[PDB]
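S.K.: Protein chains in written order, with our numbering: chain F, 1 to 83; chain L, 1 to 59; chain W, 1 to 741; chain A, 1 to 119; chain D, 1 to 38; chain U, 1 to 175; chain V, 1 to 170. Take a look at the following structure, please.
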Amino acid sequence: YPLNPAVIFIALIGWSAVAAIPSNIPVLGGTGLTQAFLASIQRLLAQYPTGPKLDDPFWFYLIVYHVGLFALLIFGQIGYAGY
Amino acid sequence: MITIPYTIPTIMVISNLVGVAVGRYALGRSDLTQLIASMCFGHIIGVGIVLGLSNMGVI
Amino acid sequence: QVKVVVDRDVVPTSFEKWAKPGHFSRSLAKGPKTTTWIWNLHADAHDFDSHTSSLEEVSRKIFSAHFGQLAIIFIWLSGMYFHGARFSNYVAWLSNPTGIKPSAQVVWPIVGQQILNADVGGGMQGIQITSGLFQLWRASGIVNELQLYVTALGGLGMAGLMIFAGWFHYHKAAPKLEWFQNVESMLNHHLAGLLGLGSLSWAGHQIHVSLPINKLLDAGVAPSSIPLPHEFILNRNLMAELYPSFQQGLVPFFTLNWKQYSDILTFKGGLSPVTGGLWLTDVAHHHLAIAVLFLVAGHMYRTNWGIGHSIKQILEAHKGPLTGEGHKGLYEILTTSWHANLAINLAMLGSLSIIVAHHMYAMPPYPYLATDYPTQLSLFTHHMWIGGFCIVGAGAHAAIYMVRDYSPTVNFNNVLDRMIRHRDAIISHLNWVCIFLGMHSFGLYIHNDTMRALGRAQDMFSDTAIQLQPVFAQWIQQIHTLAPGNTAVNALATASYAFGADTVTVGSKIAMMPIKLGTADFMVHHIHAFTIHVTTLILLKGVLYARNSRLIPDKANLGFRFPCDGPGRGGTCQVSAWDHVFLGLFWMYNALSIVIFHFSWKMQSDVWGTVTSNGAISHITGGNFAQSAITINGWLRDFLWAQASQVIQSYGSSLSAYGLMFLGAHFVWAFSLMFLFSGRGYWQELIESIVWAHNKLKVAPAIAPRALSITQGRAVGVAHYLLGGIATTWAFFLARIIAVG
Amino acid sequence: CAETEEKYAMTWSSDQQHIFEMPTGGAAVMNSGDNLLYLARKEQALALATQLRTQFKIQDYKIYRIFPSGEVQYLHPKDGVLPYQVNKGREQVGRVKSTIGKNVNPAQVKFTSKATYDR
Amino acid sequence: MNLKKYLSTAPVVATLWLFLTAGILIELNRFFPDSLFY
Amino acid sequence: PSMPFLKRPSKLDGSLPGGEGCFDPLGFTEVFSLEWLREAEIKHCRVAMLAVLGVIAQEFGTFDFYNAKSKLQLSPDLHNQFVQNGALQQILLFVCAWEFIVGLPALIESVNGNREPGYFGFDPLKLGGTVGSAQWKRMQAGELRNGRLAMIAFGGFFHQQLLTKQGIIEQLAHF
Amino acid sequence: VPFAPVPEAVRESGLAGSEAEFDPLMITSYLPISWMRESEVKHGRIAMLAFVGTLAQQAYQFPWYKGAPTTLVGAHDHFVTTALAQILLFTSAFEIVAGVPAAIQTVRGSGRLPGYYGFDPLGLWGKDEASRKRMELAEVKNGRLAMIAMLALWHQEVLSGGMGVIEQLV
Ligand code: CLA
Ligand code: CLA
Ligand code: CLA
Ligand SMILES: CC1=C(C/C=C(\C)CCC[C@H](C)CCC[C@H](C)CCCC(C)C)C(=O)c2ccccc2C1=O
Ligand SMILES: CCCCCCCCCCCCO[C@@H]1O[C@H](CO)[C@@H](O)[C@H](O)[C@H]1O
């Protein structure tokens with residue numbers, strides 16, 4: 001049934017680029033939805049055991065980025081329903 | 001609401017005309033309900049643009 | 001198309017057929033040769049899809065019966081407004097609400113029971129309200145007794161319009177089925193007309209009644225200097241003093257300068273620190289949001305004007321690959337079978353009532369509601385209980401669809417029966433989730449029970465011991481702390497004070513404290529997920545095995561309320577789709593009994609109580625949850641042994657009627673077991689051995705005295721197990737919190 | 001399973017492609033010309049016989065009982081006519097001479113491998 | 001005409017008799033309360 | 001139409017003693033079968049004629065020994081003077097003797113359709129009590145008209161309270 | 001192409017009076033014209049009697065309780081609380097028993113001209129001819145003309161200073 005396992009990265013183009021340049025400042029990230037995340041993962045990626053529940057932009061921009069990224073890749077497989 | 005120069009009714013009639021431009025497409029019959037439905041939709045869109053334009057930035 | 005065809009002079013209105021009991025059922029108009037006709041008369045009083053298969057006549061019967069239900073509800077609310085008028089201390093309660101306990105019902109003075117008239121203050125006594133009517137009347141702005149009398153008499157007026165409406169819509173103007181299967185118009189008027197104009201007009205009442213009145217009562221004005229809601233609309237001048245945006249009129253509305261309406265409407269959230277309720281600016285603004293949002297919502301259903309959807313072209317369009325046919329058939333299921341509609345609407349109605357409970361304890365929306373803790377408790381508890389029962393009504397009427405109104409021709413390869421192709425894989429994984437959650441929700445309690453009993457408290461699941469800090473709930477609660485600055489940009493406070501900032505106290509009574517969730521609250525949430533999954537197991541086993549199981553492959557040929565098949569297959573007692581609902585009512589009692597035993601004991605340990613000098617803290621049990629909810633001896637001892645003590649010592653006082661409805665409800669609970677355990681193969685010739693003693697004295701009753709049937713002889717065990725079981729916690733709870741709060 | 005339990009394969013024919021309901025559940029395709037149907041146990045099969053026969057005509061139908069040795073059986077009918085209808089081939093077994101009222105008391109049957117009704 | 005037949009049924013006359021003897025007990029226990037003699 | 005009005009030509013009625021016509025603009029006789037309503041019309045108009053003659057006769061100065069009037073409504077001077085007197089009880093109770101006892105079965109006679117729902121007999125008059133066709137119907141319409149005028153007239157005799165606070169004769173003594 | 005509008009055809013000609021059939025928007029095609037014609041006539045009434053209500057708003061002999069609220073909105077500001085709520089009530093009383101069976105009778109489908117046949121001490125109206133329909137057509141033309149005159153007399157005070165109507169020409 002999944003006849004088209006074609007592309008996934010078109011969602012990574014499709015979800016980061018639509019969420020980088022709109023900053024919409026006075027929220028947690030003064031930058032965009034993704035720029036507040038890629039800067040806030042490189043501080044923790046080099047085997048840092050920290051990141052508690054008070055680490056806001058790691059957990060919050062973890063879930064809010066995965067929930068639109070999941071939705072846009074699922075809708076990308078819906079992008080092989082019109083065939 | 002001000003006159004002919006750029007104001008809140010200036011950015012409403014563009015929403016009304018793109019609304020009826022949708023009404024030429026969404027079962028685009030030329031009846032009453034194209035205007036009463038579709039000018040209502042562009043009216044909704046215009047209200048979403050006026051005050052959403054009012055909060056974040058210049059009106 | 002949409003047109004209303006109405007039969008006129010359908011049924012004559014004589015009292016002739018009242019003299020024929022069981023006129024309605026040709027299976028039951030034979031008359032009672034046995035006493036089982038007596039109970040089958042009442043078990044077939046509302047089997048409307050068993051009177052006649054003609055859905056027109058059925059649909060007239062039900063649609064006229066709804067007006068009878070609304071007639072009883074308007075008699076009920078007219079009763080509450082009159083008991084508020086003549087009998088309540090509401091006028092005196094409006095002066096000082098934190099001192100005067102709310103009472104309406106004033107017990108008649110017969111032997112002893114005049115002692116139930118509790119001297120609750122206000123100069124006049126009577127038994128104390130826990131239903132919280134006075135908080136909804138202070139919110140609604142009812143000032144003196146006159147609006148309670150007049151609104152009561154309007155309640156009887158609408159009750160007369162619903163009796164006359166139901167008589168009018170069964171007898172002398174009753175519609176056709178083509179009116180009823182016109183369902184895009186029905187949604188089109190209930191989303192928009194009912195709920196839309198309901199929330200909009202209620203925003204009218206709050207802005208033109210409650211905002212001036214509950215601004216004045218928030219300022220502490222006595223209920224004599226308060227003007228009538230009458231007098232705020234003759235002139236805008238009495239409201240421009242209170243809210244200076246009324247001076248501009250509707251002119252900033254029509255120019256869309258809605259910044260000007262920050263006086264009337266806002267987005268603040270939190271609670272009022274003075275009244276302990278929600279800001280009625282936020283609540284009136286809220287009902288405007290439901291107003292415009294639902295009036296948007298109503299207009300998506302094409303009726304006559306070719307603008308809008310139909311449900312058919314929606315459900316056909318989701319022709320998904322893993323379902324094959326898509327949702328084809330559901331518009332023909334839900335517009336020809338009433339019981340399926342009752343399954344959906346009872347599921348969503350019941351879960352809405354649960355949502356109502358959870359949104360009322362933490363965001364107490366009425367003024368001085370979180371101050372008097374019994375009205376805060378019992379409006380969680382009551383809406384939790386009807387919010388339970390309606391889900392079992394979903395699990396029943398889904399099965400009543402599946403037994404009666406299932407037809408495989410309309411229902412062939414769609415989303416529905418493709419479940420039933422793998423209902424073994426549905427119910428088997430519910431079976432696994434039920435065992436896994438039972439081990440990991442109650443085995444933790446036997447664990448902490450043993451480790452506390454074995455002395456090794458180092459091996460428990462406390463905060464000191466092996467902790468089970470709920471990670472996800474604490475994280476998202478921490479997000480809700482960080483809402484009103486970051487994401488709720490135009491807010492001021494959080495969504496509740498169950499989430500964020502320090503507590504709100506009104507009259508040295510803790511209205512809402514931020515609830516802490518550590519390693520005991522965790523395990524009780526797994527109780528709730530567990531006993532929710534068991535009711536989902538019995539109420540999906542009751543539906544997927546409703547029509548044709550693999551044990552009994554003809555259940556639709558047997559029916560819905562059949563008892564059994566026989567001793568064959570080694571015994572097939574209690575196997576019908578009704579009998580799973582019989583089981584899901586006991587699990588309803590379990591699941592909600594530990595929901596409210598989580599509620600009324602975490603919030604007697606972590607929220608409620610008083611505050612003392614220098615803002616110091618005092619709970620009712622005094623923080624005695626996380627060291628005590630982890631076990632069962634802590635649960636049974638420290639909750640059911642300790643909180644009972646104000647129900648049990650309640651004699652000689654006004655709380656003694658709960659001391660009677662406590663023991664009598666233990667009696668009814670214990671009295672159900674006689675019906676549940678035994679069966680009519682005993683009682684039928686026990687009874688016939690008594691029929692010998694009537695035949696000897698010629699006192700043979702002409703209606704032959706059978707015992708109950710099997711399904712009645714277990715339905716009554718449910719209806720006593722729940723009446724006694726629910727009224728135990730009722731009397732225990734109200735006698736607990738009235739005795740302190 | 002099929003390697004050790006008696007599978008019940010129900011063979012029947014029809015005239016038009018109707019749609020019936022499986023005893024496993026849901027709607028079935030119901031091949032119009034001729035169709036066999038494997039099942040699990042006999043009550044499913046004769047419950048399907050009631051499912052189709054009480055609705056409409058599905059005659060020339062009977063399950064071939066696939067016992068796991070490999071071959072078939074034939075029960076409903078055997079003489080070709082419907083069981084509650086009366087044919088002059090069937091030999092009655094399973095009777096006694098009178099009601100239960102003359103059946104023997106089980107103290108007369110105690111310590112014997114008899115029945116409470118054979119006499 | 002046939003309403004009096006409905007007012008002769010079992011539950012209605014059950015309420016019009018147990019309501020009545022109930023009123024005998026309550027009206028006989030307002031006038032002479034606390035009656036343990038006789 | 002058969003109505004002397006906008007349009008609803010003889011919805012059910014017309015032969016009843018409405019001599020200027022059949023009024024009925026709202027759908028009550030459409031679904032109430034009209035006999036109940038005719039008894040309600042006639043009984044309300046009788047008791048309203050007694051009401052308005054009661055208000056006039058009480059305003060023309062009769063008390064054995066009671067409270068002075070200053071109004072004949074607004075309970076704790078007039079109506080709740082006599083209830084706490086234990087006085088209007090029996091004059092209600094005999095109405096209970098009229099209504100529950102000899103008016104409720106008569107209303108039952110005004111359901112089965114053998115009543116002509118005025119008619120409690122009751123003509124204690126010689127030379128003018130024609131039971132027949134002409135004077136009985138033209139006098140029943142006269143009872144009906146003076147009774148209806150008693151209904152609205154008693155409405156006006158009640159609601160002169162706000163800018164009156166006084167009697168009706170003293171309302172005539174001021175404009 | 002019914003002799004008023006642009007080149008677009010109009011279906012409706014079914015016994016309404018005022019035979020021009022000016023339907024640009026085709027609201028006939030979604031509403032019954034007995035209803036809409038009763039809105040034609042019924043708004044026309046208030047246009048008439050409210051037009052001369054403004055022409056007698058500043059005129060000779062009054063009911064004589066006034067002299068200060070001689071304006072229009074000031075009349076609607078002063079009188080609603082005391083003197084005009086029964087101008088509402090004595091037409092709600094006529095309305096719920098007169099207009100409700102009239103409009104609901106015509107949308108129900110009865111046969112009646114929506115003029116709700118009434119008091120007539122004048123008018124020829126006994127000879128069934130084109131004078132009766134002529135007074136229908138002149139009546140509705142005077143109604144819509146008085147109605148356009150009501151936005152005239154509304155916008156002869158708002159963007160003119162709230163002064164009198166007859167004295168605006170000074
Ligand atoms: C916008 C119009 C409108 C409104 C307000 C309602 C409201 C309601 N409908 Mg309803 N309905 C409508 C249109 C409407 N309907 C249409 C068009 C259809 C046909 C497609 C139906 C078919 C329908 C069914 C089949 C059922 C309902 C039911 C209900 C009730 C749900 C109970 C409730 O919320 O109690 C809250 C109660 C109130 C808010 C009081 C409402 C009373 C006000 C005055 C509105 C009633 C106006 C009335 C409908 C106008 C009739 C015209 C006539 C007088 C000439 C509620 C009263 C259910 C019910 O209980 O039956 C009565 C039910 O089973 N409706
Ligand atoms: C307190 C009494 C009691 C208990 C313990 C249970 C327990 C259970 N019921 Mg239940 N039930 C009860 C009363 C009870 N019921 C009553 C009164 C009714 C009346 C209506 C029902 C009706 C009912 C229905 C209708 C269904 C169940 C089901 C289940 C099972 C749910 C799965 C689960 O939790 O596994 C976890 C097991 C436990 C929590 C039990 C304790 C196990 C401990 C934690 C571990 C083992 C102990 C120990 C180590 C054993 C080894 C030592 C020993 C060998 C010597 C579970 C075993 C469902 C079912 O079949 O299973 C899905 C089901 O469909 N029940
Ligand atoms: C079911 C709930 C439950 C749980 C979670 C525990 C847990 C525990 N108990 Mg225990 N206990 C329970 C019920 C439970 N108990 C009950 C009901 C009783 C009374 C009958 C007791 C009586 C008891 C005693 C008397 C003692 C404990 C002790 C302990 C601790 C050590 C036991 C041990 O070595 O685990 C053994 C664990 C395993 C063998 C692991 C099997 C399970 C694995 C994790 C499943 C994984 C499958 C995997 C997810 C598959 C997916 C992946 C795959 C597809 C690749 C441990 C915390 C001891 C202690 O001192 O506490 C510290 C101790 O002395 N318990
Ligand atoms: C006790 C019992 C009975 C016997 C219950 C009897 C038959 C009913 C007793 C109550 C009825 C209502 C008594 C009838 C009396 C009438 C009400 C008339 C009395 C006069 C006034 C009270 C109106 C069963 O039939 C039964 C069936 C299946 C499982 C368990 C049981 C079971 O435990
Ligand atoms: C350039 C000229 C603009 C004139 C602006 C006038 C603004 C208000 C328009 C309506 C006039 C009446 O004003 C109403 O007054 C009533 C009460 O008198 C209230 O509803 C409001 O103030 C206005 O709606």
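Beta carbons: idealized from backbone N, C-alpha and C, even for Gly.
Looking at residue 133 of chain V: is its Cβ nearer than 9 angstroms to the Cβ of residue 17 of chain V?
M.R.: yes
S.K.: How is residue 61 of chain A classed by DSSP in three states: helix, strand or coil?
M.R.: Strand.
S.K.: Could one say the Cβ of residue 26 of chain V lies closer than 9 angstroms to chain L's Cβ atoms, at least one of them?
M.R.: yes
S.K.: Cβ of residue 33 of chain V less than 9 angstroms from any chain U Cβ?
M.R.: no
S.K.: Any idea what DSSP makes of residue 579 of chain W, helix, strand or coil?
M.R.: helix
S.K.: List the residues that DSSP assigns as beta-bridge partners of residue 39 of chain A.
M.R.: A:8
S.K.: Hey, out of W:215, W:169, W:311 and W:293, whose CA is closest to residue 301 of chain W's CA?
M.R.: W:311
S.K.: I need the straight-line Cα distance from residue 251 of chain W to residue 611 of chain W, nearest angstrom please.
M.R.: Residue 251 of chain W and residue 611 of chain W have their C-alpha atoms spaced approximately 47 angstroms apart.
S.K.: Measuring CB to CB, does residue 182 of chain W end up less than 9 angstroms from residue 303 of chain W?
M.R.: yes
S.K.: Taking 8 angstroms as the cut-off, does the CB of residue 447 of chain W come closer than this to any heavy atom belonging to ligand 3?
M.R.: yes
S.K.: For ligand 2, which residues have a Cβ under 6 angstroms from at least one heavy atom, in chain order?
M.R.: Taken from the N-terminal end onward, the list reads W:431, W:434, W:435, W:438, W:439, W:442, W:443, W:446, W:534, W:537, W:538, W:583 and W:586.
S.K.: Would you say the beta carbon of residue 632 of chain W comes nearer than 8 angstroms to a heavy atom of ligand 3?
M.R.: Incorrect: residue 632 of chain W has no Cβ contact closer than 8 angstroms to ligand 3.
S.K.: On the criterion of 16 or more Cβ atoms from any shown chain inside 10 Å, does residue 235 of chain W qualify as buried, or is it exposed?
M.R.: exposed
S.K.: If you measure from each CB to the nearest heavy atom of ligand 4 and keep those under 6 angstroms, what residues do you get, in chain order?
M.R.: W:674, W:675, W:678, W:679, W:680, W:683, W:707, W:708, W:713 and D:14
S.K.: Would you say residue 148 of chain U faces chain V, with C-beta separation under 9 angstroms as the test?
M.R.: At a cut-off of 9 angstroms between beta-carbon atoms, residue 148 of chain U makes no contact with chain V.
S.K.: By the DSSP assignment, the alpha helix (DSSP H) with residue 353 of chain W in it spans what residues?
M.R.: Per DSSP, residue 353 of chain W is one residue of the alpha helix (DSSP H) stretching across 338-362.
S.K.: Under 9 angstroms between beta-carbons, which chain L residues line up against residue 305 of chain W? List them in chain order, please.
M.R.: Below the 9 angstroms Cβ cutoff, chain L contributes 31, 32, 33, 36 and 37 as neighbours of residue 305 of chain W, in chain order.
S.K.: I think residue 170 of chain W touches residue 10 of chain W, with their Cβ atoms under 8 angstroms apart; what is that distance to the nearest whole Å?
M.R.: Indeed, because the Cβ distance is near 7 angstroms, the residues count as touching under 8 angstroms.
S.K.: What residues in its chain sit with their C-beta under 8 angstroms from that of residue 206 of chain W, if we drop five residues either side in the sequence?
M.R.: 280, 283, 284 and 287
S.K.: Would you call residue 96 of chain U buried or exposed, if buried means 16 or more other Cβ atoms sit within 10 Å of its Cβ?
M.R.: exposed
S.K.: Residues of chain F with a CB under 8 angstroms from the CB of residue 413 of chain W: which are they?
M.R.: Here the premise fails: no neighbours, minimum Cβ distance about 15 angstroms.
S.K.: Using Cβ-Cβ distances below 7 angstroms, what residues of the region 96-116 of chain V are close to chain U?
M.R.: 97, 98, 101, 102, 105, 110, 112 and 116
S.K.: What did DSSP end up calling residue 424 of chain W once you bin it into helix, strand or coil?
M.R.: helix
S.K.: Assign residue 141 of chain W to one of two classes, buried (16 or more other C-beta atoms within 10 Å of its C-beta) or exposed (fewer than that).
M.R.: With a 10 Å radius around the Cβ and a threshold of 16 neighbouring Cβ atoms, residue 141 of chain W comes out buried.
S.K.: With distances taken Cα to Cα, identify the nearest neighbour of residue 151 of chain U among U:60, U:118, U:55 and U:64.
M.R.: U:55
S.K.: Between which two residues does the beta strand (DSSP E) carrying residue 209 of chain W extend?
M.R.: Counting along the chain, residue 209 of chain W falls outside any beta strand (DSSP E), and DSSP gives it neither H nor E.
S.K.: For a cutoff of 9 angstroms on Cβ pairs, would you count residue 75 of chain F as touching chain W?
M.R.: no
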